[PDB]
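Descriptive analysis of the structure
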Amino acid sequence: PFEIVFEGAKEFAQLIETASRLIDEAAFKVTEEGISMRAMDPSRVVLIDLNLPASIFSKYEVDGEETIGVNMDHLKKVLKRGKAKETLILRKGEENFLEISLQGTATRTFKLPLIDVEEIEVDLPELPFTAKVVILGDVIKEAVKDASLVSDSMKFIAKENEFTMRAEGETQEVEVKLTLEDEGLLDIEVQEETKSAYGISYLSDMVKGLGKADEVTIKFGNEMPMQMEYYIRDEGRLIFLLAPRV
Amino acid sequence: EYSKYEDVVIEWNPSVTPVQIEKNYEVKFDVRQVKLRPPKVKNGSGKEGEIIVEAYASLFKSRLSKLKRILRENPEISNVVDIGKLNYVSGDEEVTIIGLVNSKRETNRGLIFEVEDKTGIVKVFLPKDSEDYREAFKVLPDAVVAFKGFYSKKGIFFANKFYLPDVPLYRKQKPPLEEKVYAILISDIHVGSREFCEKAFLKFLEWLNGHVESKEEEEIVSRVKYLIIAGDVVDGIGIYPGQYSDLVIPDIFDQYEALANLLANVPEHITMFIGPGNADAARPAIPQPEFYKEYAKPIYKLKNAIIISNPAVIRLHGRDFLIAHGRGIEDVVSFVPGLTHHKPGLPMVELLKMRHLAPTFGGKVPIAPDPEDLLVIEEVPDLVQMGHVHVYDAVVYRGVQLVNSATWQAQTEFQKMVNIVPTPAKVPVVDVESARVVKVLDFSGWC
Amino acid sequence: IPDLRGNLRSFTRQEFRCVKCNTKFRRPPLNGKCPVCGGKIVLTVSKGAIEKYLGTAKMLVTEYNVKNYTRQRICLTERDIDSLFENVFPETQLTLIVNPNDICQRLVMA
DNA sequence: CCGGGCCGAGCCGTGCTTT
DNA sequence: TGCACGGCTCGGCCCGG
Ligand SMILES: [Mg+2]
Ligand SMILES: [Mg+2]
Ligand SMILES: [Zn+2]
């Protein structure tokens, strides 16, 4: 029995929709600190981790800790039924039913049955990342959109005071370059020259849903996976892990 | 009832000392020596349908380009006109065209051929009185040929001559060897079948170790150096419906283990080259780079065993050997009336004359979608080996020997129903210096 | 198994067809587009038609007590499907985690 | 507020152990 | 003779610029 209040149901819907693109079912862990989630897609190529401490929530009330599982499609639809200025309320009783209510111009409550999902706890230890680049969401979104025009793979090339993402097809080529002096790049910290490539399908699936003005930091190495980060209202965070190519 | 030739041990006969001969060989071709490059898709989200079509089209283009170069080698061919620009030719010029044979039909006046090239298609006619009409009769589609004739604006290319890639009539003899050396050809062992005659194989293995009768046999065995196997070394798993009742060894792993144990008795002064076939654990369609390592490991673990591909070219003391299984013979026999499985040499000669190991597409042979053709016979060899028909044969065509090594499997129910008479336990013996079959063994008594 | 094997065999001897007309060619045109037509060339046995029942077959082999003959047949069929398309669809994407409860690899390792 | 993108529907096709 | 895949076309929604 908990009472969770969230202002701006649209942002919550966007976050859950972004999370649900890769996966189908997940279990939400709720404790006295916040809500955390983690899962891996059926293709074993992407791992998504999400947390939401109590600081962001307008009102939080939880006793103990429990894991709540539910289908992503139905939850996504119910959240999409929300508006821009409403306040989302997640509440539940002893009965194992998830009751979602949106309180704006009028109060509407939906019932979403629960589901049990096996939990496979896996943590990938932090690896030696030879580059850390912080860029806006718009630049990466547009770069991915262009790269998808010529080929189905994308390439990153980090260098001292230099970052550039490329893409090559059978005949055509695409290249995007930026520097620290530019306004699209904030900070770059490279230890040595780096080169890697990632599929355009997964990059497009995960990038879609980032505001034009946002902060995104990418950690990648030489022929090793990539990590993407960005904060949710300055307290929570979202973690993406993508396996490399070749 | 599941023995796997575990305790079959044959020891060298301590009465003959093998002649100290410097072994000299090199593998001049392997399928896993060329790095084929997949065809990049020309859009950012290309789906699987178009890539396969692109790969097949590229395969056939490469076949055409590779075979054309061979045709433009005999000086008698000249003035090749592109089919796409064939229209810009007067009615009093003589030109030649080269392209794939789309199809063929016979009429009283002659033959009607449809020829395609990288730029267009054209119809051709061959007068019945032409001296090359008989040769052009036994040509089956997808072969690359050249035609010389007069072009008419009426829409048909009337022709008088026809050319196959063929083999040159004259070649330079190689220098001789210091001493004689012999090689033994084997094929189609089919270990793991109820009809695999093992006693004959054991007698052959004993013969290889020096247990002979006459003096010439003893002298030869002291010189035998190389042994070559040409596929179908095991009976396979699930090849045809209802095969489980025909298998003494119904386990692919155990079939390979039994085969490996059997061949351990080959003398260590002899080297063995092994290639796959259509019943082994190897690629579904030709060309087959090699066996599947994780299934065929026991024979990889042999000390004097070299695993070759299908097809592969081997060089022994400067003589080029071409080794292939022989799945292409069936298409020739089906498409050329009058040829039978009981004289396989003539179909192999035909395949040599076409300079291709399996021309037809969509028939009795599977062809993998590779972006380059590896079945063409680029360089003319001094010996060609084949199998797959379980019948022995040997012929000579313009200085290159063609040998079909028989099987070690007795006639099965299918071969009774289809009326195929196998000739098991025949083992050709070839001289390396001349690359000719000098003697044929026969251990069929116990088979 | 009959469907898997029949579709795998029928793939290597198929007959390409034009998507605008319904004329069928023994082998694809070298140019790449249907001559005497303004349409592309399509397959009649797609890649996904061969391997539509492979997941259920692997489940049946790995969950129940079947004779070794059938298990080896399925384990060779998977390899044969993978090996045919080695030069056209190379395995270019790496994976974060492995061992998806595979039975073929376990059998081979044993 | 006008326009692309994306997503069903609905027609035409194939293919279903084989020495 | 029911099922499973894969090329179009072809409107009804949507959402953002
Ligand atoms: Mg055979
Ligand atoms: Mg065979
Ligand atoms: Zn057409």
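This report concerns the structure included in the present document.

Definitions and limits used
- Residues numbered from 1 in each chain as written, not as in the entry; some residues may be left out.
- Chains lettered and ligands numbered in written order.
- Part of a larger assembly, values for the part shown.
- Heavy atoms only, no water.
- Residues with missing side-chain atoms left out of burial classes, pairs and counts.
- Helix = DSSP H or I, 4+ residues; strand = E, 2+ residues; numbered from the N terminus.
- Rg over C-alpha atoms; globule rule 2.2 N^0.38 Å.
- Contact = heavy atoms within 4.5 Å.
- Axes fitted to C-alpha atoms, helices over the stretch in contact; angles between N-to-C directions.
- Parallel < 35°, antiparallel > 145°, perpendicular 65-115°, else oblique.
- Left-handed = near helix turned anticlockwise from the far one by under 90°.
- Nonpolar A, V, L, I, M, F, W, Y, C, P; charged D, E, K, R; others polar.
- Buried < 20%, exposed > 50% of the residue type's maximum accessible area, 1.4 Å probe, protein only.
- Donors = N, O, S within 2.8 Å, 3.2 Å for Na, K, Ca; no water.
- Near = heavy atom within 4 Å.
- Buried area = accessible area lost by both parts, 1.4 Å probe.
- Salt bridge = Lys/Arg side-chain N within 4 Å of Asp/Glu carboxyl O.
- Polar contact = N/O pair within 3.5 Å; in protein donor to acceptor, adjacent residues only side chain to side chain.
- Patch = residues over 30% accessible without salt bridge, like charges linked within 9 Å, V, L, I, M, F, W, Y side chains within 5 Å.
- Areas by Shrake-Rupley, 256 points an atom, 1.4 Å probe, with all protein chains shown as cover.
- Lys, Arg positive; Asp, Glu negative; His and termini not counted.
- Charge placed at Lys NZ, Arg CZ, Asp CG, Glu CD.
- Pairing = 2+ DSSP bridges.

Here the focus is the overall build of chain C. Along its length, chain C carries five helices and three strands. Listed N to C, the secondary structure of chain C is α-β-β-β-α-α-α-α in terms of helices and strands. Against the globule reference of 13 Å for 110 residues, chain C gives a C-alpha radius of gyration of 18 Å, more extended than a compact globule. For chain C, the spread of C-alpha atoms along the principal axes amounts to about 55 × 35 × 15 Å. Taking as baseline every contact in chain C between residues at least 6 positions apart, the subset at least 24 positions apart corresponds to 59%.

A pair of packed helices is characterised by two quantities: the angle between their axes and the separation of those axes. All names here are of chain C. Helix 4 (residues 68-84) packs onto helix 1 (residues 2-11) with a crossing angle of 25° between their chain directions and a minimal axis gap of 11 Å. It follows that helix 1 is roughly parallel to helix 4 by the angle criterion. Once helix 1 is placed against helix 4, the crossing between them reads as left-handed. Judged by residue contacts, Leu4, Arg5, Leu8 and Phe11 of helix 1 engage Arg73, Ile74, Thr77, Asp80, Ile81 and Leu84 from helix 4. In the contact of helix 1 with helix 4, the residues fall into six nonpolar, one polar and three charged.

With an omega dihedral of 0°, the bond running from B:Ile286 to B:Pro287 counts as a cis peptide bond. Turning to its location among the elements, B:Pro287 is positioned in the loop between strand 9 (271-275) and helix 6 (293-300). Not every positive phi belongs to a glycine, and C:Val36 is a case in point at roughly 70°. Tracing the chain through its elements places C:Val36 in the loop between strand 2 (24-25) and strand 3 (41-42). Given a relative accessible area of 85%, C:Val36 falls into the exposed group.

Residue and element names in this part refer to chain C. Only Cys18 (SG), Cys34 (SG) and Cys37 (SG) from the protein coordinate the zinc ion (ligand 3), and they sit 2.3 Å from it. Along the chain, the residues that donate to the zinc ion (ligand 3) are spaced as C-x15-C-x2-C. With a gap of 19 residues between them, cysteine 18 in strand 1 (residues 16-18) and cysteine 37 in the loop between strand 2 and strand 3 connect regions that are remote in the sequence. A single burial state applies to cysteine 18 and to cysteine 37, both of which are buried.

On to the protein's contact with DNA strand E, then. As a matter of local geometry, DNA strand E sits amid A:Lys80, B:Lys47, C:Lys20, C:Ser46 and C:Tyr53. Within 4 Å of the protein, the contacting atoms of DNA strand E are drawn from sugar and phosphate to the extent of 100%. In terms of residue class, the surface near DNA strand E is built from one nonpolar, one polar and three charged.

For the rest of this paragraph, the subject is the interface of chain C and chain B. Listed per partner, the contact involves 34 residues of chain C and 50 residues of chain B. Between chain C and chain B, the buried area comes to about 3800 Å², and carbon and sulfur atoms account for 63% of it. In terms of surface lost to chain B, no three residues of chain C exceed C:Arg27, C:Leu30 and C:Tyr69, which account for 20% of the buried area on that side. Linking chain C to chain B there are seven salt bridges. One salt bridge in this structure joins B:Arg283 and C:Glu86, with 3.2 Å as the shortest N-O distance.

With that settled, the discussion passes to the environment of B:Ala285. In this fold, B:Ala285 is placed in the loop between strand 9 and helix 6. Using a relative accessible area of 1% as the deciding quantity, one classes B:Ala285 as buried. Counting along the chain gives 219 residues from B:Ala285 to B:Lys66, while the straight-line C-alpha distance between them is 21 Å. The residues touching B:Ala285, leaving out its near neighbours within four places in the chain, are B:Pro366, B:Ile367, B:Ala368, C:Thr12 and C:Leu84.

Here we take up the interface of chain A and chain C. Interface extent is often summarised as the accessible area lost during association of the parts. In this complex, chain A contributes twelve residues to the contact, which on the side of chain C involves eight residues. Both sides together, the interface formed by chain A and chain C hides about 1000 Å², and carbon and sulfur atoms give 60% of it. By the criterion of area lost to chain C, the three top residues of chain A are A:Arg44, A:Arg245 and A:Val246, representing 47% of everything that side buries. Where chain A meets chain C, there are zero salt bridges. Looking at side-chain class alone, the side of chain A that touches chain C contains nine nonpolar, one polar and two charged residues.

This part takes up the coordination of the magnesium ion (ligand 2). Residues and elements named next belong to chain B. For the magnesium ion (ligand 2), the protein coordination sphere consists of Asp232 (OD) and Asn278 (OD1), at 1.8 to 1.9 Å. The metal-metal distance between the magnesium ion (ligand 2) and the magnesium ion (ligand 1) is 3.2 Å. Separated by 46 residues along the polypeptide, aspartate 232 in the loop between strand 8 (224-230) and helix 5 (252-263) and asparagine 278 in the loop between strand 9 and helix 6 bring together distant segments of the chain. In this structure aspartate 232 comes out as buried when scored by relative accessible area, which is 3%. Since its relative accessible area comes to 30%, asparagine 278 is described here as partly exposed.

Our next topic: the protein's contact with DNA strand D. For DNA strand D, the set of nearby residues contains 13 residues, the closest of which are B:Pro241, B:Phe414, C:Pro2, C:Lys24 and C:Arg73. Taken together, the sugar and phosphate atoms account for 64% of what DNA strand D places within 4 Å of the protein. Side-chain polar atom of C:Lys24 to a phosphate oxygen of DNA strand D: 2.8 Å apart, as the coordinates give it. A distance of 3.1 Å separates a base oxygen of DNA strand D from a polar atom in the side chain of C:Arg73. It is helix 1 of chain C that provides the largest number of residues to the surface near DNA strand D, a total of three residues.

The subject of this paragraph is a positive patch on the surface. Residues A:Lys10, A:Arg21, A:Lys80 and A:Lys208 make up a contiguous surface patch of positive charge. Along the chain, A:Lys208 falls in the loop between helix 4 (200-207) and strand 15 (216-220).

Residues and elements named next belong to chain B. Spatially, the six strands line up as an open sheet ordered 1-11-12-13-15-14, and their pairing is mixed. Pairing within the sheet leaves two strands with one partner each, and these edge strands are strand 1 (25-29) and strand 14 (393-397). Across the sheet, the axes of successive neighbouring strands diverge by a mean angle of 20°, strand direction being ignored. Sheet topology note: the strand 1/strand 11 (residues 312-316) ladder contains four bridges and is antiparallel. Of the residues in strand 11, the one forming a bridge with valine 27 is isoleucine 314.

What follows covers the environment of B:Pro250. Tracing the chain through its elements places B:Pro250 in the loop between strand 8 and helix 5. Separated by 13 residues in the primary sequence, B:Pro250 and B:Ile237 have C-alpha atoms spaced 7.1 Å apart. Apart from the residues lying within four places of it in its own chain, the contact partners of B:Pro250 are B:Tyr2, B:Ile237, B:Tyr244 and C:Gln72.

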